[PDB]
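I have placed the structure first, in the form of structure tokens, so that the comments after it can refer back to it.
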Amino acid sequence: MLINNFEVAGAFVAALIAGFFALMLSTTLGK
Amino acid sequence: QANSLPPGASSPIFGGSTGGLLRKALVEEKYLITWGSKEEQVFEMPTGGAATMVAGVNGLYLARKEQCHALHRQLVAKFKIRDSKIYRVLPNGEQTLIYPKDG
Amino acid sequence: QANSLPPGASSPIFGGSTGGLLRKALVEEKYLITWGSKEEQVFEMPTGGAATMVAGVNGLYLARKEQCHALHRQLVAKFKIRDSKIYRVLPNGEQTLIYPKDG
Amino acid sequence: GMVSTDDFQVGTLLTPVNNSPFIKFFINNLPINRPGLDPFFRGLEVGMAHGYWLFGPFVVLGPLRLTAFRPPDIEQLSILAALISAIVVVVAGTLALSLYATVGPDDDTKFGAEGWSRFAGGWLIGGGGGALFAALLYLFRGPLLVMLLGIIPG
Amino acid sequence: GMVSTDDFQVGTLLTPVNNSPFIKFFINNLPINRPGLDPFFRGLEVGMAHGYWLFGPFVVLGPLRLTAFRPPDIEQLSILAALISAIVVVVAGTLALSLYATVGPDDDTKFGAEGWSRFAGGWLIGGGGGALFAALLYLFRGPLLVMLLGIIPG
Amino acid sequence: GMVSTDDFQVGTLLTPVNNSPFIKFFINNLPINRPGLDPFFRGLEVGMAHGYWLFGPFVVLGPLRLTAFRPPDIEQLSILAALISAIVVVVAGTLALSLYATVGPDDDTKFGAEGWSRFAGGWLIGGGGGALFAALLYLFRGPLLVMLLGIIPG
Amino acid sequence: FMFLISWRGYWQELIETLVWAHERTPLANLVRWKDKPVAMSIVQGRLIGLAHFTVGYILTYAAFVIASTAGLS
Amino acid sequence: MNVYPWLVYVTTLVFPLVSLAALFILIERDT
Amino acid sequence: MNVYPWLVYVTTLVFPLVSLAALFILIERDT
Amino acid sequence: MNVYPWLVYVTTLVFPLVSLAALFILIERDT
Amino acid sequence: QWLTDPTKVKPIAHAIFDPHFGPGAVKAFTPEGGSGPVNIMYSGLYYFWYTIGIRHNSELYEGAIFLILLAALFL
Ligand code: CLA
Ligand code: CLA
Ligand code: CLA
Ligand code: CLA
Ligand code: CLA
Ligand code: CLA
Ligand SMILES: CC1=C(/C=C/C(C)=C/C=C/C(C)=C/C=C/C=C(C)/C=C/C=C(C)/C=C/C2=C(C)C(=O)CCC2(C)C)C(C)(C)CCC1=O
Ligand SMILES: CC1=C(/C=C/C(C)=C/C=C/C(C)=C/C=C/C=C(C)/C=C/C=C(C)/C=C/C2=C(C)CCCC2(C)C)C(C)(C)CCC1
Ligand SMILES: CC1=C(/C=C/C(C)=C/C=CC(/C)=C/C=C/C=C(C)/C=C/C=C(C)/C=C/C2=C(C)CCCC2(C)C)C(C)(C)CCC1
Ligand SMILES: CC1=C(/C=C/C(C)=C/C=CC(/C)=C/C=C/C=C(C)/C=C/C=C(C)/C=C/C2=C(C)CCCC2(C)C)C(C)(C)CCC1
Ligand SMILES: CC1=C(/C=C/C(C)=C\C=C\C(C)=C\C=C\C=C(C)\C=C\C=C(C)/C=C/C2=C(C)CCCC2(C)C)C(C)(C)CCC1
Ligand SMILES: CC(C)=CCC/C(C)=C\CC/C(C)=C\CC/C(C)=C/CC1=C(C)C(=O)c2ccccc2C1=O
């Protein structure tokens with residue numbers, strides 16, 4: 001059994017948390 | 001810059017609130033209360049929060065003359081300070097005395 | 001017009017090339033060499049081709065200072081002219097001497 | 001350190017939502033604040049983004065949407081109705097911008113009444129075009145969302 | 001009473017066709033005269049009104065119109081032909097407006113040559129858009145002029 | 001006689017490719033050089049010419065073209081694909097024009113950043129319109145290139 | 001009943017917070033009102049509450065007195 | 001039936017928004 | 001039947017209006 | 001299959017050209 | 001599906017969405033019993049995940065979640 005769309009959406013919520021922290025780190029590295 | 005004090009008056013320490021000036025202070029009118037304090041002490045802002053004023057001459061820009069006259073009655077009823085003078089600042093930089101108009 | 005010689009200098013006979021001036025001479029800087037010839041004699045252009053200088057003072061506008069300096073060294077090494085003066089020309093028309101500085 | 005004010009009398013706060021440099025880069029290079037742009041192009045880009053997204057709720061959620069309706073023959077009426085709906089919403093926004101313009105704006109943009117009318121005009125063309133472009137990509141989402149070359153022969 | 005002249009050397013009459021206050025409100029707020037408008041938006045609104053009505057005579061009266069032709073198979077050809085006809089009439093108007101602009105206009109507008117070229121540009125986009133909008137609502141007049149919900153099932 | 005140079009120090013050659021008077025009338029009345037035009041109209045006309053020709057290689061040469069495909073049901077997909085392809089090429093040109101505009105142009109045009117943004121906006125609207133107009137004439141070239149009146153009855 | 005019970009100075013202070021929220025929202029403080037948002041006046045608050053009370057009264061009873069009598073059968 | 005539906009679209013939807021825009025011009029432009 | 005119809009559309013319809021517009025530019029612009 | 005192909009269009013085609021346009025704005029504007 | 005027969009069926013990296021493929025390549029990168037074109041994995045991760053004891057796609061999913069949140073923690 002493969003992975004449905006709801007768990008891919010949960011992985012995208014987790015990646016959004018990761019993307020926010022990457023977006024904060026890259027800008028404060030740019031200072 | 002746009003809210004520069006007259007020479008002789010120093011700014012009280014306030015951390016900035018959201019209740020202060022709006023676009024009317026840029027385009028129509030704003031107001032300025034200038035008083036003299038003998039020490040550094042803590043007064044409630046008329047727009048929310050608390051500020052600390054220093055010994056000497058302190059000036060504060062407000063959106064509204066009733067905000068200034070409420071600040072003035074707070075200084076009288078708490079700190080016995082009666083030399084507040086209230087100016088109306090126009091956006092070109094003109095300053096006129098509107099309390100005490102008698103002197 | 002946009003490339004006008006100083007009064008006293010005459011243009012050498014050249015049929016104009018494509019190696020010459022570009023937009024930088026309009027917008028940033030250009031350079032001007034003036035030399036003194038005793039006769040009309042045939043010299044290689046630094047930008048390609050051949051030109052003839054007439055007797056008198058000849059002025060030429062070039063994009064770089066090295067083109068003017070190479071033209072001056074070719075005039076020394078072939079035709080024995082050592083009074084070339086190289087100037088730096090700004091787009092507003094202000095004139096300064098850059099070769100020789102010492103005199 | 002994070003919450004400062006510069007001007008402590010103006011009723012505003014310098015906060016990481018306000019004062020961090022990537023949001024200031026995003027907002028100051030969103031079209032209405034992006035430097036070196038005529039108001040017409042600003043309204044055009046705002047219109048294209050808006051009119052592109054405005055097609056979507058009308059085609060998924062509107063009165064012509066179901067799988068219980070009549071074939072996908074109703075789907076073309078759905079795309080056409082959603083396209084007209086997004087254009088008329090852009091027209092109402094254009095009416096809003098140009099009624100703002102024609103009574104004479106006072107605002108922190110340095111647009112005139114003429115500048116906001118350029119914005120209104122760009123808004124209308126960009127919005128109707130964004131509606132049309134979203135409708136064309138919705139018509140083309142059959143071959144877009146699969147490998148079209150492969151089921152077709154030759 | 002009704003007819004005055006208010007500068008009697010100037011060959012004009014000030015008449016309730018001329019000088020009624022709602023007629024002056026109408027004419028003075030048609031888009032070529034409505035104050036606070038950049039010439040492009042004036043052209044845009046003039047084009048949209050004109051290009052919208054220009055689709056009609058070509059579709060009802062053109063070479064492809066009748067009930068004795070081949071089904072509504074020719075009706076899509078009628079709508080497309082009238083659409084192209086109204087856009088090319090708008091293109092001829094654009095050519096007219098911009099030949100007016102490029103030879104250097106002297107008129108009671110304070111448009112320049114550049115201002116009349118903005119009007120020509122807005123005329124073209126608005127006119128072709130008004131043609132396209134009248135074509136889409138003419139495609140939609142089947143469901144528009146009936147209660148569409150009610151004959152479709154589910 | 002023909003290869004003159006007028007400013008002989010400027011690296012130029014006035015040649016009959018350069019200095020024929022009909023070539024100067026052609027180039028100096030191309031839209032970017034045509035006097036009396038606002039930059040928006042110049043961009044609009046450049047866009048319409050470009051977007052009209054840009055449809056063609058995508059519909060003849062693109063991934064949906066052949067007579068060995070599935071009836072002429074695929075030809076509507078071909079016309080739609082070429083239409084979206086030409087509009088996205090115009091969008092990329094608009095992005096190019098406005099990345100040129102937003103960074104501060106220094107050029108022989110007397111356009112500002114705002115004038116080049118007007119040109120970018122006109123380029124986008126004209127190019128998408130030229131793509132749409134070429135798509136509509138390529139929906140109509142069946143009846144356009146025959147005597148359509150004549151094979152229809154009544 | 002909102003206009004009838006809740007009165008003016010609540011709504012005036014609420015509109016002052018809304019005025020602050022509009023002048024500090026980017027992409028939106030560039031759109032300005034021509035007439036300053038204030039709360040409705042005291043008499044206007046009474047009148048708009050009366051107008052809604054009256055409109056709702058009449059339409060509620062008209063709906064009842066027509067559909068209950070037409071639905072007798 | 002005996003209906004002009006386009007007239008309902010004009011006078012109940014288009015013309016009132018038209019009229020409110022005209023009264024907006026009447027009540028907001030100075031002179 | 002050997003016909004190029006698009007060419008008839010170019011030089012009998014489009015190109016004469018093109019030519020009258022170009023001649024209008026030739027006869028109505030000063031210098 | 002289990003593909004989000006619209007995401008492939010966004011992040012492999014649209015978002016790189018988006019990013020190069022944004023980086024062009026970063027590297028070509030004075031202050 | 002690879003745990004049921006590790007010696008015949010090949011490891012799969014990920015699936016392909018490239019709109020440039022014609023029909024020959026679409027059927028070429030599709031395996032037998034597959035519903036579209038994929039990449040055949042040549043990096044040994046299935047053998048890695050077998051030896052370290054992953055037996056389900058749900059354990060692979062919680063591994064994916066844990067590595068995204070551990071990356072979020074390090075940023
Ligand atoms: C808020 C409550 C609500 C909601 C969610 C809906 C929703 C809907 N109604 Mg509706 N309706 C409502 C109240 C509501 N109605 C009321 C009070 C009435 C009056 C009695 C009606 C009368 C009505 C009728 C007559 C019809 C509907 C219909 C519909 C459907 C489609 C309409 C449409 O596309 O609009 C368009 C939507 C938009 C233009 C945009 C939506 C707003 C966007 C998505 C907000 C996005 C914000 C964003 C996320 C945040 C910013 C992001 C940024 C910071 C990056 C839709 C599902 C139609 C239908 O067929 O029913 C199924 C229909 O014919 N309604
Ligand atoms: C030879 C002359 C001629 C001919 C044959 C036509 C033929 C037609 N006209 Mg027309 N027209 C003409 C001259 C002509 N017109 C002139 C001189 C004017 C004044 C400039 C107009 C202005 C006009 C308008 C405003 C409309 C037509 C419409 C139509 C179509 C109506 C029939 C139909 O399909 O029902 C279908 C009926 C509808 C689809 C109407 C639906 C309801 C509409 C959308 C409400 C909004 C209409 C409103 C009045 C316009 C906005 C006003 C603005 C100030 C806000 C028909 C094709 C209609 C049309 O173009 O259809 C797309 C229509 O809306 N004409
Ligand atoms: C004036 C006389 C006249 C009239 C009424 C017509 C009418 C018509 N011709 Mg025709 N024709 C004429 C003379 C005329 N022709 C002449 C002299 C020739 C040259 C020999 C031709 C050659 C010709 C050909 C070859 C064809 C026609 C065709 C047609 C039909 C459609 C064409 C069309 O849509 O045009 C477009 C119409 C417009 C762009 C707008 C019309 C004008 C508007 C409605 C005026 C509105 C003013 C408004 C009411 C007042 C302002 C209002 C404001 C104050 C509010 C149409 C019924 C076609 C056909 O198929 O026949 C059936 C066709 O192929 N004609
Ligand atoms: C130059 C070599 C070349 C040529 C001629 C082609 C041609 C083609 N390719 Mg291709 N390709 C190439 C190299 C080339 N490719 C390379 C290096 C790659 C990368 C590996 C690809 C990958 C590729 C893919 C994936 C696909 C193609 C496809 C195609 C076809 C349509 C694409 C299209 O419409 O583009 C658009 C064309 C334009 C927007 C304009 C063309 C340029 C104009 C005509 C120049 C005009 C100049 C003018 C005459 C002079 C000025 C006139 C003025 C002075 C008056 C087409 C026949 C598609 C296909 O289906 O194959 C059949 C397809 O899917 N190619
Ligand atoms: C006391 C009551 C009151 C009254 C009579 C007015 C009256 C007015 N206001 Mg004000 N206003 C008020 C309170 C009031 N306001 C308050 C409490 C605030 C917040 C501080 C504002 C802030 C405000 C601003 C910024 C502006 C006005 C403006 C106006 C004028 C036009 C109304 C309008 O814009 O339509 C507004 C319509 C709605 C609120 C309905 C919302 C419907 C939704 C959005 C769907 C509509 C669809 C549409 C197509 C949008 C979809 C696209 C979108 C998703 C992009 C009008 C005379 C404008 C003006 O001065 O004109 C030049 C103007 O710029 N007002
Ligand atoms: C960082 C490693 C990585 C790599 C190389 C790939 C590669 C790929 N992915 Mg995947 N993806 C990843 C992480 C990764 N992904 C993660 C962690 C998730 C869970 C949220 C996903 C969610 C995902 C989905 C739903 C899909 C893909 C798909 C694809 C394929 C097409 C590209 C695409 O649109 O996806 C877009 C991916 C996202 C929008 C989210 C990715 C988030 C990652 C972590 C950002 C990467 C940042 C990176 C570490 C920084 C490197 C910078 C460097 C350039 C200097 C492609 C082969 C598609 C596919 O299956 O092909 C047929 C598909 O539909 N990915
Ligand atoms: C919320 C919500 C949803 C989600 C919708 C969404 C919006 C889902 C999320 C979609 C996305 C697009 C999440 C973004 C993942 C991007 C990531 C991890 C980036 C890493 C970049 C990195 C490490 C950088 C390295 C870098 C550093 C640090 C530098 O210093 C400079 C270089 C470089 C840039 C390379 C759902 C609908 C799905 C569910 C319901 C729901 O509520
Ligand atoms: C004077 C008057 C009158 C008359 C009127 C008339 C004449 C009418 C009309 C009318 C009309 C004539 C109307 C119209 C209209 C329109 C419209 C409403 C339009 C539109 C459009 C659009 C919206 C478009 C869009 C677009 C663009 C632009 C771009 C791209 C494409 C598209 C499509 C998207 C009477 C006596 C009766 C009354 C009083 C007043
Ligand atoms: C903030 C942000 C975000 C969000 C975003 C969003 C919200 C999204 C989106 C989106 C969108 C919303 C997009 C869009 C778009 C669009 C387009 C791309 C358009 C277009 C168009 C066109 C192209 C048109 C054209 C035309 C014209 C104009 C004229 C004529 C007609 C035509 C059609 C041709 C996030 C958080 C996530 C991340 C970070 C940032
Ligand atoms: C140089 C020359 C030549 C060449 C030429 C050429 C190259 C060609 C061409 C051509 C072309 C290339 C043409 C074109 C065109 C076009 C057009 C005509 C267009 C259009 C359009 C339109 C009309 C659009 C519209 C619209 C809009 C804008 C918006 C909305 C949508 C629409 C669609 C409506 C020769 C040698 C031969 C001769 C001499 C001169
Ligand atoms: C996921 C994954 C991965 C990664 C990994 C990592 C990087 C990590 C980790 C890690 C982990 C997963 C871990 C863990 C752990 C656990 C623990 C650590 C536990 C516990 C418990 C307890 C209960 C304890 C208790 C105690 C204490 C408290 C102290 C000491 C002593 C005693 C025992 C008492 C890999 C790539 C390989 C593959 C696939 C996926
Ligand atoms: C030209 C024109 C009218 C355009 C239409 C303008 C547009 C877009 C919507 C129309 C306005 C709307 C819908 C609301 C605003 C009314 C408002 C300030 C209500 C708050 C308020 C409430 C709730 C009370 O209970 C109350 C009680 C006693 C005294 C005062 C108040 C009071 O102030």
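Simple scheme: letters A, B, ... for chains in structure tokens order, numbers from 1 for residues in each chain, numbers from 1 for ligands in the order shown.
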Q | Contacts of region 21-36 of chain C within 6 Å, only C-alpha atoms, excl. fewer than 5 positions in-chain, as a ChimeraX atom specification | A | /C:56-63,83-90 /F:10-11
Check which residues fall inside 8 Å of ligand 10 when counting only C-alpha atoms and all ligand atoms, and print them as a PDB file with N, CA, C and O atoms, in the first residue's frame.
ATOM      1  N   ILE D 125      -7.531  45.398 -18.011  1.00  0.00           N
ATOM      2  CA  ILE D 125      -6.970  44.563 -19.081  1.00  0.00           C
ATOM      3  C   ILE D 125      -6.237  43.351 -18.526  1.00  0.00           C
ATOM      4  O   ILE D 125      -6.462  42.224 -18.991  1.00  0.00           O
ATOM      5  N   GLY D 129      -7.556  39.534 -18.911  1.00  0.00           N
ATOM      6  CA  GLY D 129      -6.579  38.632 -19.480  1.00  0.00           C
ATOM      7  C   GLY D 129      -6.186  37.498 -18.560  1.00  0.00           C
ATOM      8  O   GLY D 129      -5.966  36.387 -19.026  1.00  0.00           O
TER       9      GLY D 129
ATOM     10  N   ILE E  87     -13.348  43.292 -34.316  1.00  0.00           N
ATOM     11  CA  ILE E  87     -11.950  43.598 -33.978  1.00  0.00           C
ATOM     12  C   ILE E  87     -11.236  44.339 -35.114  1.00  0.00           C
ATOM     13  O   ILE E  87     -10.488  45.287 -34.861  1.00  0.00           O
ATOM     14  N   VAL E  88     -11.482  43.964 -36.374  1.00  0.00           N
ATOM     15  CA  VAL E  88     -10.826  44.674 -37.479  1.00  0.00           C
ATOM     16  C   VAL E  88     -11.418  46.081 -37.684  1.00  0.00           C
ATOM     17  O   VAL E  88     -10.684  47.016 -38.036  1.00  0.00           O
ATOM     18  N   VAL E  90     -12.374  47.864 -35.106  1.00  0.00           N
ATOM     19  CA  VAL E  90     -11.633  48.527 -34.031  1.00  0.00           C
ATOM     20  C   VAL E  90     -10.175  48.818 -34.427  1.00  0.00           C
ATOM     21  O   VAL E  90      -9.637  49.878 -34.083  1.00  0.00           O
ATOM     22  N   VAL E  91      -9.552  47.926 -35.204  1.00  0.00           N
ATOM     23  CA  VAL E  91      -8.200  48.131 -35.734  1.00  0.00           C
ATOM     24  C   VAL E  91      -8.166  49.305 -36.713  1.00  0.00           C
ATOM     25  O   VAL E  91      -7.229  50.113 -36.701  1.00  0.00           O
ATOM     26  N   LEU E 124      -7.982  50.456 -28.897  1.00  0.00           N
ATOM     27  CA  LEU E 124      -7.783  49.161 -29.535  1.00  0.00           C
ATOM     28  C   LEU E 124      -8.005  48.008 -28.563  1.00  0.00           C
ATOM     29  O   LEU E 124      -8.720  47.047 -28.887  1.00  0.00           O
ATOM     30  N   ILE E 125      -7.387  48.091 -27.371  1.00  0.00           N
ATOM     31  CA  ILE E 125      -7.562  47.037 -26.365  1.00  0.00           C
ATOM     32  C   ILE E 125      -8.999  46.948 -25.873  1.00  0.00           C
ATOM     33  O   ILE E 125      -9.573  45.852 -25.820  1.00  0.00           O
ATOM     34  N   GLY E 126      -9.616  48.096 -25.579  1.00  0.00           N
ATOM     35  CA  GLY E 126     -11.001  48.110 -25.165  1.00  0.00           C
ATOM     36  C   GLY E 126     -11.965  47.667 -26.235  1.00  0.00           C
ATOM     37  O   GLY E 126     -12.908  46.945 -25.939  1.00  0.00           O
ATOM     38  N   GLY E 127     -11.718  48.038 -27.483  1.00  0.00           N
ATOM     39  CA  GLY E 127     -12.577  47.641 -28.567  1.00  0.00           C
ATOM     40  C   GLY E 127     -12.551  46.184 -28.920  1.00  0.00           C
ATOM     41  O   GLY E 127     -13.608  45.565 -29.077  1.00  0.00           O
ATOM     42  N   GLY E 128     -11.345  45.627 -29.023  1.00  0.00           N
ATOM     43  CA  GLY E 128     -11.228  44.200 -29.220  1.00  0.00           C
ATOM     44  C   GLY E 128     -11.710  43.393 -28.033  1.00  0.00           C
ATOM     45  O   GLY E 128     -12.323  42.336 -28.211  1.00  0.00           O
ATOM     46  N   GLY E 129     -11.496  43.906 -26.816  1.00  0.00           N
ATOM     47  CA  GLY E 129     -12.058  43.280 -25.638  1.00  0.00           C
ATOM     48  C   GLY E 129     -13.568  43.357 -25.567  1.00  0.00           C
ATOM     49  O   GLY E 129     -14.205  42.401 -25.140  1.00  0.00           O
ATOM     50  N   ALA E 131     -15.532  43.513 -28.182  1.00  0.00           N
ATOM     51  CA  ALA E 131     -15.927  42.508 -29.169  1.00  0.00           C
ATOM     52  C   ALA E 131     -15.863  41.098 -28.599  1.00  0.00           C
ATOM     53  O   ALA E 131     -16.795  40.307 -28.789  1.00  0.00           O
ATOM     54  N   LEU E 132     -14.785  40.783 -27.871  1.00  0.00           N
ATOM     55  CA  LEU E 132     -14.617  39.452 -27.290  1.00  0.00           C
ATOM     56  C   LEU E 132     -15.624  39.196 -26.175  1.00  0.00           C
ATOM     57  O   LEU E 132     -16.167  38.094 -26.067  1.00  0.00           O
TER      58      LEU E 132
ATOM     59  N   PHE F  26      11.387  54.141 -43.132  1.00  0.00           N
ATOM     60  CA  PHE F  26      10.886  52.898 -42.562  1.00  0.00           C
ATOM     61  C   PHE F  26      11.246  52.791 -41.087  1.00  0.00           C
ATOM     62  O   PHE F  26      10.349  52.744 -40.242  1.00  0.00           O
ATOM     63  N   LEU F  44       2.561  48.386 -27.653  1.00  0.00           N
ATOM     64  CA  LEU F  44       1.342  47.713 -28.107  1.00  0.00           C
ATOM     65  C   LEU F  44       1.439  47.250 -29.551  1.00  0.00           C
ATOM     66  O   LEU F  44       1.085  46.110 -29.882  1.00  0.00           O
ATOM     67  N   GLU F  45       1.981  48.101 -30.403  1.00  0.00           N
ATOM     68  CA  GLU F  45       2.055  47.781 -31.817  1.00  0.00           C
ATOM     69  C   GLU F  45       3.156  46.750 -32.111  1.00  0.00           C
ATOM     70  O   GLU F  45       2.934  45.803 -32.895  1.00  0.00           O
ATOM     71  N   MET F  48       1.689  43.439 -30.969  1.00  0.00           N
ATOM     72  CA  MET F  48       0.713  42.862 -31.892  1.00  0.00           C
ATOM     73  C   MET F  48       1.356  42.214 -33.103  1.00  0.00           C
ATOM     74  O   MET F  48       0.986  41.081 -33.443  1.00  0.00           O
ATOM     75  N   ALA F  49       2.397  42.851 -33.666  1.00  0.00           N
ATOM     76  CA  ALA F  49       3.142  42.246 -34.774  1.00  0.00           C
ATOM     77  C   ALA F  49       3.868  40.970 -34.346  1.00  0.00           C
ATOM     78  O   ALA F  49       3.774  39.926 -35.023  1.00  0.00           O
ATOM     79  N   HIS F  50       4.503  41.008 -33.170  1.00  0.00           N
ATOM     80  CA  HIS F  50       5.263  39.859 -32.703  1.00  0.00           C
ATOM     81  C   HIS F  50       4.379  38.706 -32.281  1.00  0.00           C
ATOM     82  O   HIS F  50       4.623  37.568 -32.685  1.00  0.00           O
ATOM     83  N   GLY F  51       3.341  38.991 -31.500  1.00  0.00           N
ATOM     84  CA  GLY F  51       2.419  37.969 -31.061  1.00  0.00           C
ATOM     85  C   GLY F  51       1.611  37.365 -32.187  1.00  0.00           C
ATOM     86  O   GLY F  51       1.262  36.187 -32.119  1.00  0.00           O
ATOM     87  N   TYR F  52       1.361  38.132 -33.264  1.00  0.00           N
ATOM     88  CA  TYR F  52       0.736  37.541 -34.438  1.00  0.00           C
ATOM     89  C   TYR F  52       1.662  36.559 -35.135  1.00  0.00           C
ATOM     90  O   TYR F  52       1.203  35.482 -35.537  1.00  0.00           O
ATOM     91  N   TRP F  53       2.947  36.902 -35.322  1.00  0.00           N
ATOM     92  CA  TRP F  53       3.752  35.901 -36.027  1.00  0.00           C
ATOM     93  C   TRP F  53       4.165  34.744 -35.119  1.00  0.00           C
ATOM     94  O   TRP F  53       4.435  33.652 -35.630  1.00  0.00           O
ATOM     95  N   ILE F 125       0.151  43.145 -23.639  1.00  0.00           N
ATOM     96  CA  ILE F 125      -1.237  43.166 -24.104  1.00  0.00           C
ATOM     97  C   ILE F 125      -1.318  42.961 -25.610  1.00  0.00           C
ATOM     98  O   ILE F 125      -2.108  42.134 -26.089  1.00  0.00           O
ATOM     99  N   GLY F 126      -0.431  43.622 -26.360  1.00  0.00           N
ATOM    100  CA  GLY F 126      -0.367  43.431 -27.790  1.00  0.00           C
ATOM    101  C   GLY F 126       0.076  42.056 -28.210  1.00  0.00           C
ATOM    102  O   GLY F 126      -0.476  41.510 -29.154  1.00  0.00           O
ATOM    103  N   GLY F 127       1.023  41.452 -27.491  1.00  0.00           N
ATOM    104  CA  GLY F 127       1.499  40.143 -27.873  1.00  0.00           C
ATOM    105  C   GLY F 127       0.515  39.040 -27.600  1.00  0.00           C
ATOM    106  O   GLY F 127       0.318  38.159 -28.442  1.00  0.00           O
ATOM    107  N   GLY F 128      -0.145  39.098 -26.444  1.00  0.00           N
ATOM    108  CA  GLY F 128      -1.224  38.176 -26.184  1.00  0.00           C
ATOM    109  C   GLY F 128      -2.417  38.375 -27.094  1.00  0.00           C
ATOM    110  O   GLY F 128      -3.010  37.395 -27.553  1.00  0.00           O
ATOM    111  N   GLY F 129      -2.736  39.633 -27.429  1.00  0.00           N
ATOM    112  CA  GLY F 129      -3.763  39.897 -28.411  1.00  0.00           C
ATOM    113  C   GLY F 129      -3.398  39.458 -29.811  1.00  0.00           C
ATOM    114  O   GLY F 129      -4.256  38.976 -30.538  1.00  0.00           O
ATOM    115  N   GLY F 130      -2.137  39.627 -30.208  1.00  0.00           N
ATOM    116  CA  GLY F 130      -1.700  39.166 -31.513  1.00  0.00           C
ATOM    117  C   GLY F 130      -1.713  37.657 -31.622  1.00  0.00           C
ATOM    118  O   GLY F 130      -2.086  37.116 -32.661  1.00  0.00           O
ATOM    119  N   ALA F 131      -1.364  36.968 -30.525  1.00  0.00           N
ATOM    120  CA  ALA F 131      -1.484  35.513 -30.452  1.00  0.00           C
ATOM    121  C   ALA F 131      -2.935  35.064 -30.547  1.00  0.00           C
ATOM    122  O   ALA F 131      -3.258  34.150 -31.313  1.00  0.00           O
ATOM    123  N   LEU F 132      -3.826  35.739 -29.809  1.00  0.00           N
ATOM    124  CA  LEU F 132      -5.262  35.460 -29.855  1.00  0.00           C
ATOM    125  C   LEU F 132      -5.869  35.762 -31.217  1.00  0.00           C
ATOM    126  O   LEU F 132      -6.689  34.991 -31.712  1.00  0.00           O
ATOM    127  N   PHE F 133      -5.435  36.843 -31.856  1.00  0.00           N
ATOM    128  CA  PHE F 133      -5.945  37.230 -33.164  1.00  0.00           C
ATOM    129  C   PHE F 133      -5.448  36.293 -34.258  1.00  0.00           C
ATOM    130  O   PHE F 133      -6.219  35.913 -35.147  1.00  0.00           O
ATOM    131  N   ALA F 134      -4.184  35.867 -34.179  1.00  0.00           N
ATOM    132  CA  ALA F 134      -3.675  34.840 -35.076  1.00  0.00           C
ATOM    133  C   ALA F 134      -4.346  33.492 -34.845  1.00  0.00           C
ATOM    134  O   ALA F 134      -4.609  32.777 -35.811  1.00  0.00           O
TER     135      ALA F 134
END
Q) What's the 9 Å shell around residue 97 (chain E), counting only C-alpha atoms, without same-chain residues fewer than 5 positions away, as a list in words? A)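 Surrounding residues, per the criterion: residues 92, 102, 116, 117, 119, 120, 121 and 123 of chain E.
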Q: Using only C-alpha atoms and all ligand atoms, determine which residues fall within 6 Å of ligand 5, then list them as a PyMOL selection string.
A: (chain D and resi 89+92-93+100) or (chain G and resi 15+18-19+22+31-35+37-40)
Q.
Within 7 Å of ligand 4 (counting only C-alpha atoms and all ligand atoms), which residues show up? I'd like them as an NGL selection string.
A. (:F and (54 or 57-58 or 61-64)) or (:K and (20))
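Inspection of the environment of ligand 2, which uses only C-alpha atoms and all ligand atoms and a cut-off of 7 Å, identifies the neighbouring residues as residues 50, 52, 53, 55, 56, 57, 59, 60, 61, 134, 135, 137, 138, 141, 144 and 145 of chain E; 6, 7, 9, 10, 14, 15 and 18 of chain H.
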